[PDB]
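Participant: Got a file for you: my_file_26.json, JSON, C-alpha atoms.
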```
[["chain", "number", "residue", "atom", "x", "y", "z"],
["A", 1, "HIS", "CA", 109.84, 157.32, 65.58],
["A", 2, "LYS", "CA", 112.58, 155.79, 67.67],
["A", 3, "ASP", "CA", 114.71, 157.53, 70.30],
["A", 4, "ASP", "CA", 116.04, 160.99, 69.40],
["A", 5, "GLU", "CA", 114.22, 161.05, 66.04],
["A", 6, "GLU", "CA", 111.24, 163.28, 66.81],
["A", 7, "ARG", "CA", 111.70, 165.06, 63.46],
["A", 8, "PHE", "CA", 110.77, 161.84, 61.63],
["A", 9, "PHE", "CA", 107.22, 160.65, 61.07],
["A", 10, "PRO", "CA", 105.61, 157.98, 58.89],
["A", 11, "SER", "CA", 104.34, 159.58, 55.70],
["A", 12, "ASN", "CA", 100.73, 158.47, 56.28],
["A", 13, "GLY", "CA", 101.07, 156.79, 59.65],
["A", 14, "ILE", "CA", 100.05, 159.48, 62.13],
["A", 15, "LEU", "CA", 97.01, 161.59, 62.87],
["A", 16, "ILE", "CA", 97.59, 165.14, 61.64],
["A", 17, "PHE", "CA", 95.34, 167.84, 63.04],
["A", 18, "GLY", "CA", 95.12, 171.30, 61.55],
["A", 19, "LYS", "CA", 95.73, 174.42, 63.57],
["A", 20, "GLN", "CA", 92.98, 177.02, 63.61],
["A", 21, "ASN", "CA", 92.47, 178.57, 60.16],
["A", 22, "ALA", "CA", 94.71, 175.98, 58.50],
["A", 23, "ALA", "CA", 94.12, 175.69, 54.77],
["A", 24, "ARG", "CA", 92.07, 172.76, 53.52],
["A", 25, "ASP", "CA", 94.63, 171.99, 50.79],
["A", 26, "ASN", "CA", 98.42, 172.22, 50.97],
["A", 27, "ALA", "CA", 98.63, 173.56, 54.50],
["A", 28, "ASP", "CA", 102.21, 174.19, 55.53],
["A", 29, "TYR", "CA", 103.84, 172.15, 58.29],
["A", 30, "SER", "CA", 103.50, 175.17, 60.58],
["A", 31, "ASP", "CA", 99.71, 175.09, 60.05],
["A", 32, "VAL", "CA", 99.25, 171.46, 61.11],
["A", 33, "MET", "CA", 99.72, 169.55, 64.36],
["A", 34, "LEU", "CA", 101.52, 166.23, 63.98],
["A", 35, "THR", "CA", 100.70, 163.62, 66.58],
["A", 36, "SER", "CA", 103.34, 161.22, 67.85],
["A", 37, "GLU", "CA", 102.89, 157.61, 68.97],
["A", 38, "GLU", "CA", 106.39, 157.42, 70.46],
["A", 39, "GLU", "CA", 104.92, 156.18, 73.75],
["A", 40, "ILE", "CA", 104.37, 152.75, 72.16],
["A", 41, "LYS", "CA", 108.04, 152.33, 71.21],
["A", 42, "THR", "CA", 108.22, 149.93, 74.15],
["A", 43, "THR", "CA", 105.90, 147.42, 72.53],
["A", 44, "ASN", "CA", 105.14, 148.44, 68.95],
["A", 45, "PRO", "CA", 107.77, 148.55, 66.20],
["A", 46, "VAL", "CA", 108.72, 151.93, 64.80],
["A", 47, "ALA", "CA", 106.44, 152.76, 61.88],
["A", 48, "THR", "CA", 109.34, 153.64, 59.56],
["A", 49, "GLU", "CA", 111.60, 150.72, 60.48],
["A", 50, "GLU", "CA", 111.56, 147.05, 59.57],
["A", 51, "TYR", "CA", 109.91, 144.61, 61.94],
["A", 52, "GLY", "CA", 112.97, 142.41, 62.08],
["A", 53, "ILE", "CA", 115.23, 140.01, 60.23],
["A", 54, "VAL", "CA", 114.48, 136.50, 59.00],
["A", 55, "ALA", "CA", 116.59, 133.92, 57.22],
["A", 56, "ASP", "CA", 116.25, 133.96, 53.44],
["A", 57, "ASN", "CA", 118.07, 130.71, 52.59],
["A", 58, "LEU", "CA", 119.69, 127.60, 54.04],
["A", 59, "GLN", "CA", 123.34, 128.21, 54.84],
["A", 60, "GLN", "CA", 125.82, 125.47, 53.94],
["A", 61, "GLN", "CA", 129.60, 125.23, 53.93],
["A", 62, "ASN", "CA", 129.45, 126.70, 50.40],
["A", 63, "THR", "CA", 126.53, 129.16, 50.77],
["A", 64, "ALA", "CA", 126.76, 131.99, 53.27],
["A", 65, "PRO", "CA", 123.58, 132.65, 55.26],
["A", 66, "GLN", "CA", 121.31, 135.32, 53.79],
["A", 67, "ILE", "CA", 118.91, 137.49, 55.74],
["A", 68, "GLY", "CA", 115.60, 139.02, 54.71],
["A", 69, "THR", "CA", 114.30, 142.33, 56.02],
["A", 70, "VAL", "CA", 110.71, 142.02, 57.27],
["A", 71, "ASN", "CA", 108.95, 145.23, 56.23],
["A", 72, "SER", "CA", 105.45, 143.83, 56.85],
["A", 73, "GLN", "CA", 104.65, 141.41, 59.66],
["A", 74, "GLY", "CA", 101.21, 140.06, 60.42],
["A", 75, "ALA", "CA", 100.14, 138.64, 63.74],
["A", 76, "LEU", "CA", 102.52, 136.13, 65.31],
["A", 77, "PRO", "CA", 101.91, 134.16, 68.51],
["A", 78, "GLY", "CA", 103.41, 135.87, 71.52],
["A", 79, "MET", "CA", 103.08, 139.28, 69.88],
["A", 80, "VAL", "CA", 101.89, 142.18, 72.03],
["A", 81, "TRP", "CA", 101.11, 145.73, 71.00],
["A", 82, "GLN", "CA", 99.44, 148.96, 72.03],
["A", 83, "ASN", "CA", 96.67, 150.72, 70.15],
["A", 84, "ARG", "CA", 96.99, 154.22, 68.78],
["A", 85, "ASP", "CA", 96.52, 156.95, 71.34],
["A", 86, "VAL", "CA", 93.33, 158.96, 71.46],
["A", 87, "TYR", "CA", 93.47, 162.75, 71.36],
["A", 88, "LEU", "CA", 91.33, 165.58, 72.65],
["A", 89, "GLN", "CA", 90.74, 166.56, 69.02],
["A", 90, "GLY", "CA", 90.60, 162.95, 67.83],
["A", 91, "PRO", "CA", 87.75, 160.53, 67.23],
["A", 92, "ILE", "CA", 86.13, 158.61, 70.07],
["A", 93, "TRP", "CA", 84.57, 155.55, 68.43],
["A", 94, "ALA", "CA", 84.18, 153.78, 65.13],
["A", 95, "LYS", "CA", 81.65, 151.20, 64.03],
["A", 96, "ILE", "CA", 83.26, 147.79, 63.64],
["A", 97, "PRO", "CA", 82.24, 146.69, 60.13],
["A", 98, "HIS", "CA", 79.77, 143.81, 60.14],
["A", 99, "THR", "CA", 82.01, 141.08, 58.75],
["A", 100, "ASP", "CA", 82.64, 137.39, 59.31],
["A", 101, "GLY", "CA", 86.09, 138.04, 60.74],
["A", 102, "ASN", "CA", 88.12, 140.87, 62.17],
["A", 103, "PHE", "CA", 91.46, 140.96, 63.94],
["A", 104, "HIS", "CA", 91.75, 143.25, 66.98],
["A", 105, "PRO", "CA", 88.85, 145.48, 65.90],
["B", 1, "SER", "CA", 86.58, 128.95, 59.65],
["B", 2, "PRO", "CA", 87.18, 126.12, 57.15],
["B", 3, "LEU", "CA", 88.92, 127.37, 54.04],
["B", 4, "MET", "CA", 86.72, 125.53, 51.55],
["B", 5, "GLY", "CA", 83.81, 127.23, 53.29],
["B", 6, "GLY", "CA", 81.29, 126.28, 55.92],
["B", 7, "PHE", "CA", 81.16, 126.02, 59.68],
["B", 8, "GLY", "CA", 84.22, 125.21, 61.74],
["B", 9, "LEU", "CA", 83.23, 122.92, 64.60],
["B", 10, "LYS", "CA", 85.35, 121.72, 67.50],
["B", 11, "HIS", "CA", 82.88, 118.83, 67.85],
["B", 12, "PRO", "CA", 81.36, 118.32, 64.40],
["B", 13, "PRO", "CA", 78.68, 115.76, 63.57],
["B", 14, "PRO", "CA", 80.31, 112.46, 64.49],
["B", 15, "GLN", "CA", 81.48, 110.04, 61.86],
["B", 16, "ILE", "CA", 78.93, 107.27, 61.36],
["B", 17, "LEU", "CA", 80.78, 104.06, 60.58],
["B", 18, "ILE", "CA", 78.92, 101.13, 59.02],
["B", 19, "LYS", "CA", 80.13, 97.65, 58.12],
["B", 20, "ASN", "CA", 78.66, 94.37, 57.00],
["B", 21, "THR", "CA", 79.42, 91.87, 59.73],
["B", 22, "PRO", "CA", 81.58, 89.13, 58.18],
["B", 23, "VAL", "CA", 79.72, 85.85, 57.75],
["B", 24, "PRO", "CA", 82.21, 82.98, 57.38],
["B", 25, "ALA", "CA", 81.69, 80.33, 54.77],
["B", 26, "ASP", "CA", 81.78, 76.75, 55.98],
["B", 27, "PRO", "CA", 84.92, 76.27, 58.09],
["B", 28, "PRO", "CA", 86.94, 73.05, 57.84],
["B", 29, "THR", "CA", 85.84, 70.15, 59.99],
["B", 30, "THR", "CA", 89.30, 69.97, 61.60],
["B", 31, "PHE", "CA", 90.47, 72.87, 63.72],
["B", 32, "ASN", "CA", 92.74, 75.45, 62.12],
["B", 33, "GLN", "CA", 94.12, 78.33, 64.18],
["B", 34, "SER", "CA", 94.46, 80.57, 61.13],
["B", 35, "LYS", "CA", 91.99, 83.42, 60.77],
["B", 36, "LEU", "CA", 89.12, 82.60, 58.45],
["B", 37, "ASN", "CA", 89.45, 84.11, 54.98],
["B", 38, "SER", "CA", 86.50, 82.34, 53.31],
["B", 39, "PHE", "CA", 83.43, 84.53, 53.72],
["B", 40, "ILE", "CA", 79.94, 84.54, 52.31],
["B", 41, "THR", "CA", 79.76, 87.28, 49.68],
["B", 42, "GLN", "CA", 77.44, 89.85, 51.12],
["B", 43, "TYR", "CA", 76.21, 93.41, 50.84],
["B", 44, "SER", "CA", 73.63, 95.48, 52.66],
["B", 45, "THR", "CA", 71.14, 98.09, 51.56],
["B", 46, "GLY", "CA", 68.81, 100.32, 53.50],
["B", 47, "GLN", "CA", 67.49, 103.81, 53.99],
["B", 48, "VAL", "CA", 69.28, 106.65, 55.72],
["B", 49, "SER", "CA", 67.49, 109.71, 57.08],
["B", 50, "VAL", "CA", 69.27, 112.87, 58.19],
["B", 51, "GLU", "CA", 67.29, 115.77, 59.64],
["B", 52, "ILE", "CA", 69.05, 119.08, 60.25],
["B", 53, "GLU", "CA", 67.44, 122.06, 61.93],
["B", 54, "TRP", "CA", 68.91, 125.34, 60.71],
["B", 55, "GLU", "CA", 68.55, 128.70, 62.42],
["B", 56, "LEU", "CA", 67.95, 131.62, 60.08],
["B", 57, "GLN", "CA", 69.08, 135.23, 60.31],
["B", 58, "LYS", "CA", 66.27, 137.22, 58.73],
["B", 59, "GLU", "CA", 67.31, 140.23, 56.70],
["B", 60, "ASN", "CA", 66.23, 143.50, 58.32],
["B", 61, "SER", "CA", 67.12, 145.96, 55.57],
["B", 62, "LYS", "CA", 65.97, 149.48, 54.76],
["B", 63, "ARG", "CA", 67.32, 149.29, 51.21],
["B", 64, "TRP", "CA", 64.86, 150.97, 48.87],
["B", 65, "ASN", "CA", 65.74, 149.46, 45.50],
["B", 66, "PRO", "CA", 65.18, 145.75, 44.81],
["B", 67, "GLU", "CA", 67.88, 143.30, 45.82],
["B", 68, "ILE", "CA", 69.69, 140.81, 43.64],
["B", 69, "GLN", "CA", 67.98, 137.43, 43.93],
["B", 70, "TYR", "CA", 68.87, 134.01, 42.66],
["B", 71, "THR", "CA", 66.36, 133.19, 39.94],
["B", 72, "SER", "CA", 65.91, 130.52, 37.33],
["B", 73, "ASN", "CA", 66.19, 131.68, 33.74],
["B", 74, "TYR", "CA", 62.81, 132.56, 32.25],
["B", 75, "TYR", "CA", 63.78, 131.69, 28.67],
["B", 76, "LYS", "CA", 62.98, 128.29, 27.20],
["B", 77, "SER", "CA", 65.47, 125.44, 27.30],
["B", 78, "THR", "CA", 65.78, 121.78, 26.36],
["B", 79, "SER", "CA", 65.68, 120.71, 30.01],
["B", 80, "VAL", "CA", 64.70, 122.21, 33.35],
["B", 81, "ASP", "CA", 67.68, 123.33, 35.41],
["B", 82, "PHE", "CA", 68.15, 121.21, 38.54],
["B", 83, "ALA", "CA", 65.98, 118.44, 37.12],
["B", 84, "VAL", "CA", 66.49, 115.13, 35.37],
["B", 85, "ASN", "CA", 67.14, 114.81, 31.66],
["B", 86, "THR", "CA", 65.51, 112.29, 29.31],
["B", 87, "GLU", "CA", 67.82, 109.56, 30.67],
["B", 88, "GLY", "CA", 66.93, 110.12, 34.31],
["B", 89, "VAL", "CA", 70.23, 111.80, 35.19],
["B", 90, "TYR", "CA", 69.89, 114.57, 37.75],
["B", 91, "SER", "CA", 72.32, 117.41, 37.15],
["B", 92, "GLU", "CA", 73.21, 120.64, 38.91],
["B", 93, "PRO", "CA", 73.93, 123.10, 36.07],
["B", 94, "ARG", "CA", 75.67, 125.78, 38.14],
["B", 95, "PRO", "CA", 77.10, 126.29, 41.63],
["B", 96, "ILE", "CA", 74.57, 128.35, 43.57],
["B", 97, "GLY", "CA", 76.34, 130.57, 46.06],
["B", 98, "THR", "CA", 74.69, 132.07, 49.09],
["B", 99, "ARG", "CA", 75.35, 135.83, 48.91],
["B", 100, "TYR", "CA", 72.54, 137.64, 47.11],
["B", 101, "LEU", "CA", 71.08, 139.96, 49.73],
["B", 102, "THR", "CA", 73.09, 142.99, 50.79],
["B", 103, "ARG", "CA", 74.18, 144.62, 54.03],
["B", 104, "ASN", "CA", 76.01, 147.80, 54.83],
["B", 105, "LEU", "CA", 79.48, 147.41, 56.24],
["C", 1, "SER", "CA", 37.28, 141.79, 39.92],
["C", 2, "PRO", "CA", 38.36, 145.20, 38.58],
["C", 3, "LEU", "CA", 39.56, 144.96, 35.01],
["C", 4, "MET", "CA", 42.67, 147.11, 35.45],
["C", 5, "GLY", "CA", 43.58, 144.73, 38.26],
["C", 6, "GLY", "CA", 43.30, 144.70, 42.01],
["C", 7, "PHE", "CA", 40.64, 144.00, 44.59],
["C", 8, "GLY", "CA", 36.97, 144.60, 43.91],
["C", 9, "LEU", "CA", 35.32, 145.98, 47.04],
["C", 10, "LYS", "CA", 31.65, 146.64, 47.67],
["C", 11, "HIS", "CA", 32.77, 149.06, 50.41],
["C", 12, "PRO", "CA", 36.24, 150.26, 49.41],
["C", 13, "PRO", "CA", 38.39, 152.63, 51.45],
["C", 14, "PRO", "CA", 36.25, 155.76, 51.69],
["C", 15, "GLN", "CA", 37.08, 158.87, 49.75],
["C", 16, "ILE", "CA", 38.88, 161.38, 51.97],
["C", 17, "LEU", "CA", 37.83, 164.87, 50.92],
["C", 18, "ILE", "CA", 39.90, 167.87, 51.99],
["C", 19, "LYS", "CA", 39.34, 171.57, 51.40],
["C", 20, "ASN", "CA", 40.80, 174.85, 52.57],
["C", 21, "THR", "CA", 38.03, 176.66, 54.40],
["C", 22, "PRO", "CA", 37.37, 179.92, 52.52],
["C", 23, "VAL", "CA", 38.59, 182.97, 54.41],
["C", 24, "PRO", "CA", 36.84, 186.10, 53.08],
["C", 25, "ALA", "CA", 38.80, 189.24, 52.44],
["C", 26, "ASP", "CA", 37.47, 192.40, 54.05],
["C", 27, "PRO", "CA", 33.74, 192.68, 53.26],
["C", 28, "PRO", "CA", 32.19, 196.05, 52.44],
["C", 29, "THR", "CA", 31.07, 198.19, 55.35],
["C", 30, "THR", "CA", 27.53, 198.34, 53.93],
["C", 31, "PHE", "CA", 25.51, 195.14, 53.73],
["C", 32, "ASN", "CA", 25.40, 193.31, 50.41],
["C", 33, "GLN", "CA", 23.29, 190.18, 50.02],
["C", 34, "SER", "CA", 25.51, 188.82, 47.25],
["C", 35, "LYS", "CA", 27.77, 185.90, 48.09],
["C", 36, "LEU", "CA", 31.31, 186.96, 48.88],
["C", 37, "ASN", "CA", 33.76, 186.41, 46.03],
["C", 38, "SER", "CA", 36.79, 188.20, 47.52],
["C", 39, "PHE", "CA", 38.82, 185.66, 49.46],
["C", 40, "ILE", "CA", 42.23, 185.62, 51.07],
["C", 41, "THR", "CA", 44.55, 183.62, 48.82],
["C", 42, "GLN", "CA", 45.38, 180.53, 50.79],
["C", 43, "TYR", "CA", 46.81, 177.04, 50.61],
["C", 44, "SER", "CA", 47.49, 174.31, 53.13],
["C", 45, "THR", "CA", 50.26, 171.80, 53.57],
["C", 46, "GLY", "CA", 50.70, 168.92, 55.95],
["C", 47, "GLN", "CA", 51.63, 165.30, 56.35],
["C", 48, "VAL", "CA", 49.47, 162.33, 55.45],
["C", 49, "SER", "CA", 50.04, 158.85, 56.86],
["C", 50, "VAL", "CA", 48.38, 155.73, 55.51],
["C", 51, "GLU", "CA", 49.01, 152.36, 57.15],
["C", 52, "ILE", "CA", 47.73, 149.22, 55.44],
["C", 53, "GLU", "CA", 47.94, 145.75, 56.94],
["C", 54, "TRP", "CA", 48.17, 143.06, 54.28],
["C", 55, "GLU", "CA", 47.55, 139.37, 54.80],
["C", 56, "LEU", "CA", 49.97, 137.07, 52.99],
["C", 57, "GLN", "CA", 49.43, 133.66, 51.43],
["C", 58, "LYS", "CA", 52.71, 131.84, 51.95],
["C", 59, "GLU", "CA", 53.81, 129.56, 49.13],
["C", 60, "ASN", "CA", 53.73, 125.89, 50.14],
["C", 61, "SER", "CA", 55.38, 124.31, 47.12],
["C", 62, "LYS", "CA", 57.14, 121.00, 46.54],
["C", 63, "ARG", "CA", 58.76, 122.22, 43.33],
["C", 64, "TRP", "CA", 62.32, 120.92, 43.18],
["C", 65, "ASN", "CA", 63.98, 123.31, 40.75],
["C", 66, "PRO", "CA", 64.46, 126.99, 41.64],
["C", 67, "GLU", "CA", 61.62, 129.38, 40.94],
["C", 68, "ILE", "CA", 61.68, 132.53, 38.85],
["C", 69, "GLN", "CA", 62.27, 135.52, 41.11],
["C", 70, "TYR", "CA", 62.20, 139.23, 40.51],
["C", 71, "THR", "CA", 65.79, 140.42, 40.77],
["C", 72, "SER", "CA", 67.69, 143.59, 40.08],
["C", 73, "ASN", "CA", 70.22, 143.40, 37.28],
["C", 74, "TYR", "CA", 73.69, 142.56, 38.54],
["C", 75, "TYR", "CA", 75.53, 144.40, 35.75],
["C", 76, "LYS", "CA", 76.76, 147.95, 36.23],
["C", 77, "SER", "CA", 74.67, 150.94, 35.21],
["C", 78, "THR", "CA", 74.74, 154.72, 35.29],
["C", 79, "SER", "CA", 72.05, 154.83, 37.98],
["C", 80, "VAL", "CA", 70.48, 152.45, 40.46],
["C", 81, "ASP", "CA", 67.08, 151.18, 39.36],
["C", 82, "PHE", "CA", 64.26, 152.49, 41.57],
["C", 83, "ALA", "CA", 66.46, 155.27, 42.91],
["C", 84, "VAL", "CA", 67.02, 158.94, 42.24],
["C", 85, "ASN", "CA", 69.22, 160.26, 39.46],
["C", 86, "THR", "CA", 71.75, 163.09, 39.75],
["C", 87, "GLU", "CA", 68.89, 165.63, 39.64],
["C", 88, "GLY", "CA", 66.93, 164.08, 42.49],
["C", 89, "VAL", "CA", 64.23, 162.61, 40.26],
["C", 90, "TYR", "CA", 62.91, 159.27, 41.45],
["C", 91, "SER", "CA", 62.00, 156.94, 38.61],
["C", 92, "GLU", "CA", 60.48, 153.50, 38.29],
["C", 93, "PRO", "CA", 62.31, 151.92, 35.33],
["C", 94, "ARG", "CA", 59.92, 149.01, 34.73],
["C", 95, "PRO", "CA", 56.48, 147.81, 35.82],
["C", 96, "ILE", "CA", 57.03, 145.06, 38.38],
["C", 97, "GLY", "CA", 54.27, 142.50, 38.16],
["C", 98, "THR", "CA", 53.37, 140.12, 40.93],
["C", 99, "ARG", "CA", 53.46, 136.62, 39.40],
["C", 100, "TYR", "CA", 56.88, 135.02, 39.82],
["C", 101, "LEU", "CA", 56.24, 131.97, 41.99],
["C", 102, "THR", "CA", 54.43, 129.01, 40.46],
["C", 103, "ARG", "CA", 51.53, 126.76, 41.35],
["C", 104, "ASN", "CA", 50.06, 123.69, 39.75],
["C", 105, "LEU", "CA", 46.62, 124.10, 38.25]]
```
Would you give me this structure, written as structure tokens?
Facilitator:
Amino acid sequence: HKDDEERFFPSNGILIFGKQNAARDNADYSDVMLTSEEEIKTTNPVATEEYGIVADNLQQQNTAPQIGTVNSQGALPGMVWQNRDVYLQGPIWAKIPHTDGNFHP
Amino acid sequence: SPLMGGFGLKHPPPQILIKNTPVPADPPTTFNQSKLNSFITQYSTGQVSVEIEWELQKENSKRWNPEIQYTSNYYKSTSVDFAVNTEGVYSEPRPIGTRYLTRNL
Amino acid sequence: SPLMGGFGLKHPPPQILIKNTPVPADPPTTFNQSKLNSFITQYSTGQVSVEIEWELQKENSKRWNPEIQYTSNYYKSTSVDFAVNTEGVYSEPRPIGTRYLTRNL
């Protein structure tokens, strides 16, 4: 989330840990522990916000400029980001799949 | 990695350029500064050999069931696949890919 | 050469005979010359390892067209061939012969 929006989280964009004796299915919000990646606001875009704005047309004296909202942005040169935080309850490692190519595995 | 497939090389196998050296026809007996455009009609033939050493990655698989393999069809046919026909024309009946063995991700 | 196939050996792998040593139940307290027929009911279990080293004759063939190869069927199926079913039963769906490569006479 961005500043002063701790109540907001991406619908499936955070690690959610269960409290002790939390139900397997349909645990209430009070029975789960939402993580927050707000520390990476400084470098990573907010998960629930658009990446930015791009031009959608060519403005002329008769056509006003139009803007497009970038809701999905792949790697661009000059882009920097932080990885997701690790947690005491969270995983340590994953096997990088044996593939021809990966990006930031 | 090249999009039509294969190996992307910063320094690929160099282009091998070949040309028949022009052999002028009889020039005039009085000097002319103009470049000669009368040439003996000429072509060359020869043999070309290319030897490539390929390194192989052997499959080290614990898969129990048999793998998919490229195989020729057992059933009878008018001509042998990847052979010549009655007119001496060699044909490749299908594009043979490369991915038949399996790996885990 | 054995008629059901395989290698005819004058001195084949020796028969390995195994038996549970009879453990008598309590004999009578007065001597009886008769052989004991009261035995403790008994069975044994264990692990058996057999390691066979096979020598291979590599194919050295100048055949141009692709050979016939044993391959698993690519099309979908309820179960994997040469695997277990939902009940844990391993099955061999077909007899796999040995003659797929070719030689001249």
Participant: Kindly provide, as an MDAnalysis selection string, the residues of chain A having any atom no farther than 12 Å from an atom of chain B, counting all atoms listed in the file.
Facilitator: chainID A and resid 94:101
Participant: Determine which residues of chain C sit within 6 Å of chain B, taking into account only C-alpha atoms, and present them as a list in words.
Facilitator: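 Going by the stated atoms only, the list reads residues 65, 66, 67, 68, 69, 71, 72 and 82 of chain C.
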Participant: Neighbours of residue B:35 within 12 Å (only C-alpha atoms; same-chain residues fewer than 6 positions away dropped), as an NGL selection string?
Facilitator: :B and (24 or 27-28)
Participant: At a cut-off of 12 Å, using only C-alpha atoms, what residues contact residue C:43? Leave out same-chain residues fewer than 3 positions from it and give the result as a ChimeraX atom specification.
Facilitator: /C:18-23,39-40,46
Participant: Atom CA of residue A:84 to atom CA of residue A:19: how many Å, to one decimal?
Facilitator: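 The value is 20.9 Å.
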Participant: Report the distance between atom CA of residue C:99 and atom CA of residue C:59 in Å, rounded to one decimal place.
Facilitator: 12.0 Å
Participant: What is the distance, in Å and to one decimal place, between atom CA of residue A:17 and atom CA of residue A:104?
Facilitator: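 These atoms are spaced 25.2 Å apart.
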Participant: I'd like to know which of B:2, B:62, B:86, B:53 is closest to residue B:101, using all atoms listed in the file.
Facilitator: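 Under the stated criterion, the closest residue is B:62.
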Participant: With only C-alpha atoms as the counted atoms, please give the residues lying no more than 12 Å from stretch 42-55 of chain A, apart from itself and same-chain residues fewer than 4 positions off, as a PyMOL selection string.
Facilitator: chain A and resi 1-3+5-6+8-14+36-38+59+64-76+78-84
Participant: Find the residues with any atom within 10 Å of (99.2, 166.9, 60.6); use all atoms listed in the file and the coordinates as given in the file, and write the answer as a list in words.
Facilitator: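 The answer, in the requested form, is residues 12, 14, 15, 16, 17, 18, 19, 27, 28, 29, 30, 31, 32, 33, 34 and 35 of chain A.
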